[PDB]
Structures are given as structure tokens and as C-alpha cells.
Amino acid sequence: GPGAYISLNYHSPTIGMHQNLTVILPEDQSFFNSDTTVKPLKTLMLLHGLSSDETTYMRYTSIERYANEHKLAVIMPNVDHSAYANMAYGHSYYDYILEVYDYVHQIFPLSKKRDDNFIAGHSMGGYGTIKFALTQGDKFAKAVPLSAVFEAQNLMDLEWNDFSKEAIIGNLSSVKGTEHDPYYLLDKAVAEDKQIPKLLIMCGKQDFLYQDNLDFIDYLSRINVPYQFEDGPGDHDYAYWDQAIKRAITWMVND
């Protein structure tokens, strides 16, 4: 089963600039028959890590092959070094992901039902995934952080090439207890009885963030929030993310 690979570049009203976006749209027989109603596809929002962009999942994995097999549309935006935040000094990249979600669901044949919408991503994108899962729980039925950063201070303190902590968080001395802290977002969601998407958290056992993942699922267990955790051999690279996204895609479309 094949599909369409789509590169879109549009002027975003939220971030004030042209920006590239890539979309995988699997083929359906209704797309070629003008007398049939388009039946909308299940949709995955997929978020890249630091130093990656909207092209890197396509280049370094076989994701389109996996998505085609499962009739899953995949949306891959670009957010730079933003950590998926409305940046103190930068762009409103949190709001941007929400605009991308609304835009593709308006212009493409994508289901708008919560049960048909998922979010996933790796490293900074796993951090982004858990932030959206805990603040936009009504938009996604399932969320898949891969090799995620859950202790936000480890992301902000990283000395990554050309990376600016202050652009994201400004003057802030710590992120604990703020909108940047997944532990705070999680306590907030439980306290307000928000829907939390079904969680499949994956991380390779040789990954440097492996302890970070253990600490977070340990906290989830202690506050009685369900999840699936899958580890096994793997490091912090696209060889691991290629295999994990294949497993994640199978899990999201099947129950």
C-alpha cells in the first residue's frame, strides 16, 4: 500500500514567517473516486529532536513505509531549537503546533475525532509530546514519548552546539514548578481531572536519558496514572528511533 509524500511551505500567522512542513498521506480508494465520500484518516503528529527538522524522520527512518502499512497520516512540523515552547525571546512554537494541527485537519482528509489522533516524538520531541499530552489531552487519544527528556532542567542546561537556554525560558533560574516542567504539568492534569492520553513510553537501555525515563514512570506509578513502558537494547540515535516508531505505529492504530 503506497501513499503521497507531501512537502508544504506556507506563511504561518502564528510564527510570522514561511515555514516548511512535511505530510505523509496514505492512499485510500475514496481519494480517486469522485462519487464517494472521503473517509478521514487516523493522524499522527510527529515531533523531531534537537538539531533535526521536518525532513529528518523521512531521511533517517522508513516511517512512510510503516505509516502506509497502517493507513496512518503523519504530520511532521519544524520547530528549530525551541523545545516546543512559546519562547521568551523567539517564536510562539507551542501555539504553532496547535496551528499546524488545525490547519492540516482543515485542508486534508484527516479525522478530527480524539480517538483517531495521536502524538509522538523523540528527545526534545518526546519532551514536546508529553507537554502537549498533558496540556491538550482532549486532542489526542494516545501519546508516545521516545527517549524523552522528562526532567526539563537537563534539556535547558545541555551545552548543545549553538543552543540558547535563555531564548526559551528567559531569566528563569529553574524550570521546576513551571509550564516547562512535565512533573508540574502532570500534577496539574491530575488535579484538574483532565483526560490523559494513553501513554506508551519507549527508551533504549544504553541511552543517557534512560534513568530520566525510569524516574518519570516511577512517578506516574506513584500517582496512579497508567502507562506502557518498553525498553530493551538501544541508544540515542535513529537506528533506535526507526525500530521504535515502527512498534509505536502498530500500537497506536490497533487496540
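If you superpose the two forms and keep the largest set of C-alpha atoms that fall within 1.5 Å, you have the rigid core. Counting begins at 1, following the sequence as shown.
Across the superposed structures in 4 other deposited structures of this protein, aligned by the core, the stretch whose Cα atoms lie more distant on average is 157-165, chosen from 118-126 and 157-165. Stretch comparison, 35-43 versus 213-221: after rigid core superposition, larger RMS CA deviation in 4 other deposited structures of this protein is found for 35-43.
Of the two stretches examined, 61-69 and 33-41, the record assigns the greater average C-alpha temperature factor to 33-41. Comparing 166-174 with 83-91, the stretch with the higher mean C-alpha B-factor in the PDB entry is 166-174.
The residue among 99, 116, 181, 138 whose C-alpha carries the highest B-factor in the deposited model is 138. Of all the options 55, 51, 224, 213, the entry's greatest CA B-factor is assigned to 224.
Looking at the C-alpha B-factors along this chain, the one for residue 108 belongs to the lowest third.
Among the modelled residues of its chain, residue 47 has a C-alpha B-factor that falls in the lowest third according to the deposited record. Split the chain's modelled residues into thirds by C-alpha temperature factor. Residue 16 is in the lowest one. When the modelled residues of the chain are ordered by their C-alpha B factor, residue 254 lands in the highest third. When the CA B factors of the chain's modelled residues are split into thirds, the value for residue 231 lands in the highest one.
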